[PDB]
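**Student:** Here come the first chain(s), positioned as in the complex:
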Amino acid sequence: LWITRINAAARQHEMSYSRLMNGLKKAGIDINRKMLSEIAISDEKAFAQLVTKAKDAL
Amino acid sequence: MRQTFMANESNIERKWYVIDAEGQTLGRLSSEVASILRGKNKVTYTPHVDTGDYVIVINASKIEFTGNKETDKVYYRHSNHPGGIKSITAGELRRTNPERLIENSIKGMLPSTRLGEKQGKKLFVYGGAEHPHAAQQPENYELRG
Amino acid sequence: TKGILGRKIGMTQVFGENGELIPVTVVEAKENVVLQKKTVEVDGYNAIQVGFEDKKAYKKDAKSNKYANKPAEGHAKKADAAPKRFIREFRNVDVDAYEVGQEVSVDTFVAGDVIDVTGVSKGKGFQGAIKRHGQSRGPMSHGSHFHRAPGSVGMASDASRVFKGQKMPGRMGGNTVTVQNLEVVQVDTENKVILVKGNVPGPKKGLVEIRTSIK
Amino acid sequence: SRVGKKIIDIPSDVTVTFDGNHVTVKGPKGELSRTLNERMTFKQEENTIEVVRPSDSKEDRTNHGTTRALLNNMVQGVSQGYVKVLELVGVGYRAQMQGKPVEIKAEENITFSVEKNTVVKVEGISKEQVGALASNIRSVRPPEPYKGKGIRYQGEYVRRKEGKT
C-alpha cells in the first residue's frame, strides 16, 4: 500500500518511485516507506523539499 | 495497527475528465484509462473503497490498430446453447457500434469483483465529438505516454 | 399498406369460376377508426393506432372491463370517436394517407389481393411429448413398459447435464401465429365482412389482424 | 518486383493541373480525376513531369517506381486513345433444349440475337477501364478449344474433348 501511494505522490513531480527511492538512498536519508507516505498525504509542502534533495543527488 | 490514513465516505473527491481517442492505439489508450478509473494516481488511494474519477471518450470511431488486426482479432461469444457460437472481426466491429469495442477493451483490464463492476460504470464512450455532460464541467486530460 | 382488424365468425364454402369448390373463412370487421399517428420526430418510427369493437361510456361503480371513464376515455376523447375494445399498430402502411379520426372501411381490399392473417392459437393446456412434438411411442406389446413417454435426455459422463431446449412436456397453445400468402375471395360492404380463402388461426369470436403480404 | 528502377519520365505537352492529394490532366479529351499517393511528392515545375523519391526504402523503391508510370499513361490517354481489335466467329450457338406437370420456370433455352458479329474496336482514354471493358466483353464467349469460337484476341489451340469432368 505505502509503495503505491508514494509512487502516485512522486509522479506529480515528473519522477518515478524507482528513481525517487534511488536518489533518496544516495542523498543519505533513512526515512521509512510508511513515514514517507504519511508525510506526502498530510504536509505536502514538506514532501516537495524531500524530492528536491533526491533530485540534487541524481 | 500504528497510524495509516484510510480514505472513506465524506472524504473522497471525484472529478470528471475528457480523453480524446484521435489516432491512438486501442490497447495503449485503454491501459491508461483503466488506472484513472481505479484511482491509482491519487495519494489517498485505498483498496477497499472507490477513489477513482469519471472518464469520457469523445471520438472513439477514429481509433486505429497495428498490422493486420482489423482483418483478424475475431471476437467470439457463446449463448449457452448447443452450437451457439457467434464471432465478429475487430475491423467490422469498428464500423458499427464502435463504442462497445472500447468499452469491452477497458472493461477487460478491471478486477471481476463487486467494486470492479461499480468502478466500470463510471466510463462513458461516444462516436461523435459532442457529449451531454456540460453540467459536470469536465476538463481535458493529456495522455502521459 | 392496407391494414384492418376483424373478428373470426366461422368457416363455410363458396363455388368459384368453373364450378370449383373453395373453403373460405368469414371475418367480420367494422367500426375501425384511427386513434393516433406515431411520427419519427416524436417517437422515431411511423405508425398508426386503430380501434375495433365499441363499448358503453361514463359509469361509476363498475368492477368489469366494459364501461367506465378516466384513462381510456380521455385518450379516446382526443379524436372524434368512442372508447374502443382492441387497439393495435401498423408500421407497414403510409402515415400520410390517414387522419386522426378517419373511418377505416373494408373497401380498401379488393377480390384477388394477397394478405397475411395474424392471431393467437386455441390452446390444449398441459400436453405430453407425443402431442406437443411429433414423437413416436414404443412397442404396445412384446413385454414392453415404454409407451407414450420421452426417451433419453442426454449422453453420459461427458457433458453431464441437459442442453437448453430438450423438447420435454409442457403447456402448448396460446401462441402468436401468422399465415402468409392468403387470398380475398369476395368483400361485402353491406354486412362489412371479408371472405379469406383458407383458415386463419384462433377460435370463434377471436381477434385477427390483416396486412398486405410483403413478398 | 523485377523491373528497371530507373524510369524515362518524359515531359507532358498536354495541360496538367495537380491539386496535391488529387491530380487531374485536362487536354483534348482528358480530364481524368484520379487520386495518387501522398508519400513521395512530385516536381512538376512546368510541362516536364518529375517526382521526388523521399525516405529511400524497399517500400519507397517500388512506390516511386509505380507513380512514375502511373501518370505516364494518364497524360498519354489525354492526347492519344488506347484501342484493341477483337476478332471472333458470329453464330449465336448457346446450350441445347430446342425451342425459343410444369416447365422449369415458363420458357427455356434462349441464345443471343446476333446484332454486331464483326471486329469490334473499343475507343477509350483510360487503359485500366479500357482493359476491363475489353476483357468484360471478351468473357461473353471464352475461346473454346474446338475451333476458337467466341470473342478473343488471337491465341487459340485446336482440341475436341470433354468426357472426363
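**Tutor:** Arrived safely, thanks for sending. Numbers count the residues shown, from 1 in each chain, chains lettered A, B, ... in the order given.

**Student:** for the chain, which helix is longest?
**Tutor:** All of this is about chain A. Using DSSP state H, we find that the single longest helix of chain A is helix A:44-56.

**Student:** should've been chain B
**Tutor:** Taking DSSP H as the criterion, chain B has its longest helix at helix B:26-38.

**Student:** Tell me the helices and strands packed up against it.
**Tutor:** Judged by 3 or more C-beta pairs under 8 Å, 6 or more residues apart in numbering or on different chains; DSSP states H and E, the packing partners of helix B:26-38 are strand B:55-57, helix B:98-107. Quick note: C-beta positions are derived from backbone N, CA and C, even for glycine.

**Student:** same for the longest one, what does it pack against?
**Tutor:** With contacts defined as 3+ C-beta pairs under 8 Å, 6+ apart, helix B:98-107 has these neighbours: helix B:26-38, helix B:90-95, strand B:123-125.

**Student:** mind putting the ones you listed in TSV, mean neighbour count included?
**Tutor:** Conversion of those to TSV gives the following (neighbours: other C-beta atoms under 10 Å in any protein chain shown):
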stretch	mean neighbour count
helix B:26-38	18
helix B:90-95	15
strand B:123-125	20
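
**Student:** In TSV, list these along with distance to residue C:178.
**Tutor:** Shown next, in TSV, are these (distance: least, C-beta to C-beta, whole Å):
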stretch	distance to residue C:178
helix B:26-38	44
helix B:90-95	32
strand B:123-125	39
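
**Student:** rewinding a little: give me the contacts around the longest helix of chain B.
**Tutor:** B:17, B:19, B:21, B:41, B:52-53, B:55, B:57, B:63-65, B:101-102, B:105-106, B:109-110, B:119-120, B:122-123, B:141, B:143-144 (C-beta atoms under 8 Å, 6 or more residues apart in numbering or on different chains).

**Student:** circling back: which positions in the longest helix of chain A come out as buried?
**Tutor:** Neighbour-count burial for helix A:44-56, with 16 or more other C-beta atoms under 10 Å in any protein chain shown as criterion, is recorded at A:47, A:50, A:51, A:54.

**Student:** Does the third one touch residue A:20 like I think?
**Tutor:** Right, residue A:51. Yes: look at residue A:51 against residue A:20 with C-beta atoms under 8 Å: they come within range, at 6.9 Å.

**Student:** Chain E next, sequence below:
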Amino acid sequence: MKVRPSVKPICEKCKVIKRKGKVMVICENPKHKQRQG
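**Tutor:** Chain E, in position alongside the others:
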C-alpha cells in the same frame, strides 16, 4: 493445377513467383501449373 509440398520448374519455359505468400510456378503450358501448400 497440381498442389504438392515440393514445387520445382519442370522446364526452362516455366517461371516461379510468389502470390499472397504462396510459391507458385506460373508456367506457359497449362499442364505445368503447380502451387505449394
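
**Student:** Work out the gap between the longest helix of chain B and the centre of the chain.
**Tutor:** Offset of helix B:26-38 from its chain centre (C-alpha atoms, centre = their mean, to the nearest Å): 6 Å.

**Student:** With stretch C:47-55 instead?
**Tutor:** In this view, stretch C:47-55 has its centroid 15 Å away from the chain centroid, taken as C-alpha atoms, centre = their mean.

**Student:** what comes into contact with it?
**Tutor:** C:3-7, C:29, C:31-38, C:66-67, C:76, C:81-91, C:93, C:95, C:98, C:104, C:207.

**Student:** So what angle separates the directions of the longest helix of chain B and helix B:98-107?
**Tutor:** If you take axes from the mean of the first three to the mean of the last three C-alpha atoms, to 10 degrees, helix B:26-38 sits at 70 degrees to helix B:98-107.

**Student:** ok, back up a step: ok, of the contacts of stretch C:47-55, which come out buried?
**Tutor:** Applying 16+ other C-beta under 10 Å to the contacts of stretch C:47-55 flags C:3-7, C:29, C:31-35, C:37, C:76, C:81, C:83-84, C:88, C:90, C:93, C:95, C:104, C:207 as buried.

**Student:** Out of those, name the ones that lie in helices.
**Tutor:** Short answer: those in helices (DSSP H) are residue C:76.

**Student:** Check which helix or strand the spatially most central residue of chain D maps to.
**Tutor:** Centroid-nearest residue in chain D, with C-alpha atoms, centre = their mean: residue D:131, separated by 1.5 Å. Assigned by DSSP states H and E, residue D:131 falls within helix D:127-138.

**Student:** Can you name every helix or strand that that helix contacts?
**Tutor:** Counting contacts by 3+ C-beta pairs under 8 Å, 6+ apart, helix D:127-138 packs against strand D:83-86, strand D:120-123.

**Student:** Report the buried residues of the first one.
**Tutor:** Spelled out, that is strand D:83-86. Within strand D:83-86, the residues scored as buried using 16+ other C-beta under 10 Å are D:84, D:86.

**Student:** what are the ranges of the strands in chain A?
**Tutor:** Counting by DSSP state E, no segments of chain A form strands.

**Student:** and RNA strand F on top of that:
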RNA sequence: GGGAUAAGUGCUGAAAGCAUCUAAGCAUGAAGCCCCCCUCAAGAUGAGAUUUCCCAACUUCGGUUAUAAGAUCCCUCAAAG
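**Tutor:** RNA strand F, in position alongside the others:
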C-alpha cells in the same frame, strides 16, 4: 434479392529497363455466410428505455388526508385452465 467473401478468372502495375492477378489499386465469383431478408418471445439493476391519457386535500406532503376503465377480496362463468 442485398452486402462483403473462398477456390478461382481477370484489369492495370511496380525494388533483373521484358515479364508478372500484387507490393498499391479496379473487377468478377459459391447450397457460400454466421451478415441482410422472413417468423416468434424480449427493458435489458450496462437502476436505463418511449409515447398518449387520467389523478388533491390533509396540513411544515410528518403522509394526520387521499383520489385514478386504480387494484383486489367475494360471486355467475368459458374463446382459458
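
**Student:** again for what packs on helix B:98-107, RNA strand F present now?
**Tutor:** Using 3+ C-beta pairs under 8 Å, 6+ apart as the test, helix B:98-107 ends up in contact with helix B:26-38, helix B:90-95, strand B:123-125.

**Student:** Chain C: strands as residue ranges?
**Tutor:** Assigned by DSSP E, chain C shows strands spanning C:4-15, C:21-28, C:34-38, C:47-50, C:88-90, C:115-120, C:126-127, C:170-171, C:176-179, C:184-188, C:193-197, C:207-212.

**Student:** Quick test: name the residue nearest the centre of chain E.
**Tutor:** The residue lying closest to the centre of chain E (C-alpha atoms, centre = their mean) is residue E:25, at 2.0 Å.

**Student:** was I right about it contacting residue E:16?
**Tutor:** Yes: counting by C-beta under 8 Å, residue E:16 is a contact partner of residue E:25 at 5.3 Å.

**Student:** any shared contact partners between these two?
**Tutor:** When C-beta under 8 Å, 6+ apart defines a contact, the residues bordering residue E:25 and residue E:16 alike are E:7, E:9.

**Student:** sorry, back to before: C-alpha coordinates for the longest helix of chain B, PDB please?
**Tutor:** Written as PDB, here are the backbone C-alpha positions of helix B:26-38 (Å, rounded to 0.1, in the frame of the first residue of the first chain):
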ATOM      1  CA  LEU B  26      -6.700   0.800 -28.700                       C
ATOM      2  CA  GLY B  27      -4.600  -1.200 -26.000                       C
ATOM      3  CA  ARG B  28      -2.200   1.700 -25.300                       C
ATOM      4  CA  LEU B  29      -5.200   4.100 -24.600                       C
ATOM      5  CA  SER B  30      -7.400   1.600 -22.600                       C
ATOM      6  CA  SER B  31      -4.400   0.700 -20.200                       C
ATOM      7  CA  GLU B  32      -4.100   4.400 -19.200                       C
ATOM      8  CA  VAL B  33      -7.900   5.000 -18.700                       C
ATOM      9  CA  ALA B  34      -8.100   1.800 -16.500                       C
ATOM     10  CA  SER B  35      -5.600   3.200 -13.900                       C
ATOM     11  CA  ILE B  36      -7.600   6.600 -13.800                       C
ATOM     12  CA  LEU B  37     -10.900   4.700 -13.200                       C
ATOM     13  CA  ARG B  38      -9.400   2.700 -10.300                       C
END
